[PDB]
Amino acid sequence: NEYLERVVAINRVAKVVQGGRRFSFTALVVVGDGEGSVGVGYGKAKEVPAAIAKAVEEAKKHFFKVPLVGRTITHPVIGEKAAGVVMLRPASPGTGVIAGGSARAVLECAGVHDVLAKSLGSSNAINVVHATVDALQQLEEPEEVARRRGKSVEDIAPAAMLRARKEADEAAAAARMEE
RNA sequence: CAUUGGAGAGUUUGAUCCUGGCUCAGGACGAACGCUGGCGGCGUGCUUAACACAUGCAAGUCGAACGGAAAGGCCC
Ligand SMILES: [Mg+2]
Ligand SMILES: [Mg+2]
Ligand SMILES: [Mg+2]
């Protein structure tokens, strides 16, 4: 539909009571637009559909923009929440999302189409997802880098990156008109 | 004054997170084995006993260095 989502992982958690165990289901969802806004939602329920829906509606209110320099990451980053380290590097067009399941789902929902992502540290899906999330949040878009440094993009950033951004904008124009 | 390049999964708990080993998906081979087997092209083929070897062959050539004449060859 309008917003593209992947179910990263589901788990069957339980609570022990005098009678026995009270099982429950946890859901990781990643919901994105495919063009730069993406979020992750955690859902608790007694049932898989309810947990998934709760996670999705909780993720809707956690959409953060991701800077894409033409279908790829702006610059290499390394994120880490708790113990989930995720390394991201931009890749040439056509490389694809070379990433592990959870991080790959996060990137595909964010709309990145050429990226190299490695999962260092723990392999727990939730923590790896948070590490991919803050790795993406660490991304620093070239115009705001120029604002930070009090300079211009032509003075701070690589000419190849800027050029590739122009050609990507031109294919954007193409699609738009074509429509 | 950009890059040609990096994927995980299972398993400790009632459940969780971490640590952590174990196991697996890939590629490879001077390989062997099992089942099966049409052809062609190009390679490769004792990794162990530097263990012991029947048989044939694998280093000869020169008469324009020499005496020669055992064969073939010409002349009697
Ligand atoms: Mg650490
Ligand atoms: Mg224990
Ligand atoms: Mg168990």
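What you see below is based on every heavy atom in this structure, not just the backbone, and it leaves out hydrogens, waters and symmetry mates. Throughout, a chain's letter reflects where its sequence line sits, starting with A, and its residues are numbered from 1.
Within 6.0 Å of CD1 in A/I10 there are 12 or fewer heavy atoms belonging to other residues, nucleotides or ligands. Crowding of A/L162 atom CG: a count of heavy atoms from other residues, nucleotides or ligands under 6.0 Å exceeding 12.
Rounded to an integer number of Å, the gap from CZ of A/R165 to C1' of B/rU3 is 17 Å. Here the P atom of nucleotide B/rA2 and the CG atom of A/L162 are 11 Å apart, to the nearest Å. Atoms CZ (A/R149) and P (B/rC1) sit 13 Å apart, rounded to a whole Å. Between the P atom of B/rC18 and the CD atom of A/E80 lies a distance of 14 Å, rounded to the nearest Å. As a whole-Å value, the separation of A/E167 CD from B/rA2 P is 14 Å. Distance A/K44 NZ to B/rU16 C1': 10 Å, rounded to the nearest Å.
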What side-chain donor-acceptor pairs closer than 3.5 Å can you find for residues 57-68 of chain A, not counting sequence neighbours?
| residue | atom | partner | partner atom | Å |
| --- | --- | --- | --- | --- |
| A/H62 | ND1 | A/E58 | O | 2.5 |

N/O donor-acceptor pairs under 3.5 Å from side chains in residues 169-179 of chain A, not counting sequence neighbours:
| residue | atom | partner | partner atom | Å |
| --- | --- | --- | --- | --- |
| A/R176 | NE | A/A172 | O | 3.0 |
| A/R176 | NH2 | A/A172 | O | 3.3 |

Name every donor-acceptor pair, under 3.5 Å, that has one atom in a side chain of residues 27-47 of chain A and the other anywhere in the protein, sequence neighbours excluded.
| residue | atom | partner | partner atom | Å |
| --- | --- | --- | --- | --- |
| A/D33 | OD1 | A/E35 | N | 2.7 |
| A/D33 | OD1 | A/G36 | N | 2.9 |
| A/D33 | OD1 | A/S37 | N | 3.0 |
| A/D33 | OD1 | A/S37 | OG | 3.4 |
| A/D33 | OD2 | A/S37 | N | 3.2 |
| A/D33 | OD2 | A/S37 | OG | 2.7 |

Report all side-chain donor-acceptor pairs from residues 94-101 of chain A shorter than 3.5 Å, counting only partners two or more places apart or in another chain.
| residue | atom | partner | partner atom | Å |
| --- | --- | --- | --- | --- |
| A/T95 | OG1 | A/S92 | N | 3.4 |
| A/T95 | OG1 | A/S92 | O | 2.4 |
| A/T95 | OG1 | A/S92 | OG | 3.2 |

Tell me which donor-acceptor pairs under 3.5 Å the side chains of residues 11-24 of chain A have, and how far apart each pair is, sequence neighbours excluded?
none

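Contacts of residues 126-144 of chain A with RNA chain B (heavy atom under 4.0 Å): A/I126, A/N127.
Evaluation of the salt bridge (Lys or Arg N to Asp or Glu O under 4.0 Å) test over residues 147-163 of chain A, restricted to residues two or more places apart or in two chains, returns A/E140-A/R148. For residues 73-89 of chain A, there are no side chain to side chain donor-acceptor pair (under 3.5 Å) pairs, not counting sequence neighbours.
Taken together, the paired segments of RNA chain B that extend over three or more consecutive Watson-Crick or G-U pairs, each closer than 3.5 Å at both contacts, are B:8-11 with B:21-24.
Regarding the sugar-base torsion, B/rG5 falls in the syn class, its angle being within 90° of 0.
The separation of B/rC22 from B/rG40, taken at their P atoms, amounts to 49 Å, rounded to a whole angstrom.
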Can you pull every protein N or O that's under 3.5 Å from an N or O on nucleotides 22-27 of chain B?
none

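The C1'-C2'-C3'-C4' torsion of B/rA15 is positive. Its sugar is therefore classed as north.
With hydrogens and angles ignored, the 3.5 Å screen pairs a side-chain donor or acceptor of A/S122 with a backbone N or O of A/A83.
A 4.5 Å side-chain heavy-atom check between A/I73 and A/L136 finds at least one atom pair inside the cut-off.
Classification of the B/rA7/B/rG8 step: not stacked, the six-membered rings not being both closer than 5.5 Å at their centres and less than 30° apart in plane orientation. A stacking criterion of 5.5 Å and 30° is met by the six-membered base rings of adjacent nucleotides B/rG68 and B/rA69. The six-membered rings of B/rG56 and B/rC57 are stacked: centre distance under 5.5 angstrom, interplanar angle under 30 degrees.
Annotation: salt bridge (charged side-chain N to carboxylate O under 4.0 Å, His left out) contacts of A/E108 (sequence neighbours excluded): A/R6.
Positionally, the nearest nucleotide of RNA chain B for A/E154 lies more toward the 5' end than for the other of A/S122 and A/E154.
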Query raised in the report: Which nucleotides of nucleotides 5-15 of chain B have their base under 4.0 Å from a protein heavy atom (B), which only their sugar-phosphate (S), and which neither (-), written as one string 5' to 3'?
Result: BBBSS----BS
